[PDB]
Amino acid sequence: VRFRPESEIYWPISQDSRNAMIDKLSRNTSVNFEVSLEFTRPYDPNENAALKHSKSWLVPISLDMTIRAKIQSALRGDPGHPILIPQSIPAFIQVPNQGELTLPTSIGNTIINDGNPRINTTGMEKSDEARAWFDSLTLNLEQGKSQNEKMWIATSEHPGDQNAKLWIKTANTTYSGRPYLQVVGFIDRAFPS
Amino acid sequence: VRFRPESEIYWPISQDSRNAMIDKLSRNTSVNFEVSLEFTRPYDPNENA
Amino acid sequence: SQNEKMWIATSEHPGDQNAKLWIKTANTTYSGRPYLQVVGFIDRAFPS
Amino acid sequence: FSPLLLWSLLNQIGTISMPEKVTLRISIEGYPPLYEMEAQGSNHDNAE
Amino acid sequence: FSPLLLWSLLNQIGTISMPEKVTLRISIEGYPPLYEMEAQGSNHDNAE
């Protein structure tokens, strides 16, 4: 599955929703990131309705003041500010017969251990243990001539060592020249009675 | 539950949808207001959705 | 301009205000307007 | 009295988690909404 | 052994078709999405 790096629609935010986001960033509360993935099946006239499979990941924002200030500047519309979300999207995913998307854990052990082992020595909790082999997302706001035109571009970075021969190479677009975001899915179709 | 008084997005109306609303108001037909409230629960893996 | 068009909501309590049956609202930390409030009674003990 | 005990242990009323997402919309019927708002949160600490 | 044969023929695990529509969204919680993208196609030939 290849997604275009640019956004399909412009950002439909109001000034008062954006001001609220910046003000919440100013304090010391807990703000979160969110990545959502969805798969939709055909009609299936035997049981009607299209089966949908969803899963979302929440990545806490660092409590350090400098990172939050950088995020505030990025949302305000400053030129160079790559919002960074570490360990957000999985490169490999599993699509079951019904339910929520599941992570490939067998390949996770191979990637985290073999190659160049990364951290996994600071007594990391079980919440981030199953997320150590994920990719990272960087986001930029190209804006445009006016405030009405505001679009975001995404870009991914492979964990550990790049060009590790475990990665399927990406495309490069036939109109803009930017890489395509890639996800590999393992569809399960042999369903039960 | 506390909602912000302002709106999260701008009004995405077209001139022809707005003109239709005003014209329907001009006559003596029946127009209605509408208020909708929604609550969403977690995934609940026992029964999904 | 016409591209920027937003609506603001505001609520009014029925009957007598400050009737001690109302939970007081907040007042916003960025604009100063009251927050719309709803109190919910969630039911979780579901059956078999 | 074994079926009665089996049934009593098998009923076992359960519980479900509290909502995290609440939405509100105000509109004139048959047209795009005039107002819409969102109130997310799982820590149950923010004012929203 | 007729009930066993009936059950074995009646189980008959089935198959379902592959997805055609995939969506992705990136957002800060409680706000309109910052990015959203679509990947449609049924011929399984386009690069998307």
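All Cβ positions, even for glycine, are placed from backbone atoms using ideal geometry, and neighbour counts span all protein chains on display. Values quoted throughout were computed directly from the atomic coordinates according to the rules given, and no laboratory measurement underlies them.
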**Complete:** Expected single match for away from chain E (no Cβ under 14 Å), closer than 30 Å to E:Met18 by Cα and assigned to a loop (DSSP other than H, G, I, E, B) among A:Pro117, A:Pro104 is A:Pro104
**Request:** Could you please find all residues in region B:23-49 being over 18 Å from the mean Cα position of the chain (by Cα) and either closer than 30 Å to C:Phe46 by Cα or of a type in the set (A, V, I, L, M, F, W, C) (or both)?
**Result:** B:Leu25, B:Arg41, B:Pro42, B:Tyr43, B:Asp44, B:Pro45, B:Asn46, B:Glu47, B:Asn48, B:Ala49
**Fill in**
Pairing a residue in region E:1-16 that is within 11 Å of another protein chain (Cβ to nearest Cβ) and within 25 Å of A:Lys52 (Cα to Cα) with any residue that is acidic (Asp, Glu) and in a loop (DSSP other than H, G, I, E, B), where Cβ atoms lie under 7 Å and the two sit 6 or more apart in sequence or on different chains, gives E:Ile16/A:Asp44
**Prompt:** Hey, does region D:21-32 have a residue that's more than 26 Å from B:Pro45 (Cα to Cα), part of a strand (DSSP E or B) and of a type in the set (S, T, N, Q)?
**Reply:** yes
**Message:** of a type outside the set (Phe, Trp, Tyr) and away from chain D (no Cβ under 14 Å): is that true of E:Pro19 in this structure?
**Reply:** yes
**Prompt:** Does at least one position in region A:72-79 carry a residue that is more than 17 Å from the chain's Cα centre (by Cα), assigned to a helix (DSSP H, G or I) and within 14 Å of chain B (Cβ to nearest Cβ)?
**Reply:** no
**Request:** Could you pull out the residue among C:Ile23, C:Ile42 that is more than 7 Å from chain B (Cβ to nearest Cβ), surrounded by 10 or more Cβ atoms within 10 Å (Cβ to Cβ) and among the hydrophobic types (A, V, I, L, M, F, W, C)?
**Result:** C:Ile42
**Prompt:** Among B:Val35, B:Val1, which is surrounded by fewer than 12 Cβ atoms within 10 Å (Cβ to Cβ), closer than 22 Å to D:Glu36 by Cα, within 7 Å of another protein chain (Cβ to nearest Cβ) and among the hydrophobic types (A, V, I, L, M, F, W, C)?
**Reply:** B:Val35
**Message:** Suppose we keep only residues that are within 29 Å of A:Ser146 (Cα to Cα) and in contact (Cβ under 8 Å) with a residue 24 or more places away in the chain within region C:4-20. Which one would you say is surrounded by the most Cβ atoms within 10 Å (Cβ to Cβ)?
**Reply:** C:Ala9
**Total residues in region A:122-169, condition within 14 Å of chain E (Cβ to nearest Cβ) and exposed (fewer than 13 other Cβ atoms within 10 Å of the Cβ)** = 3
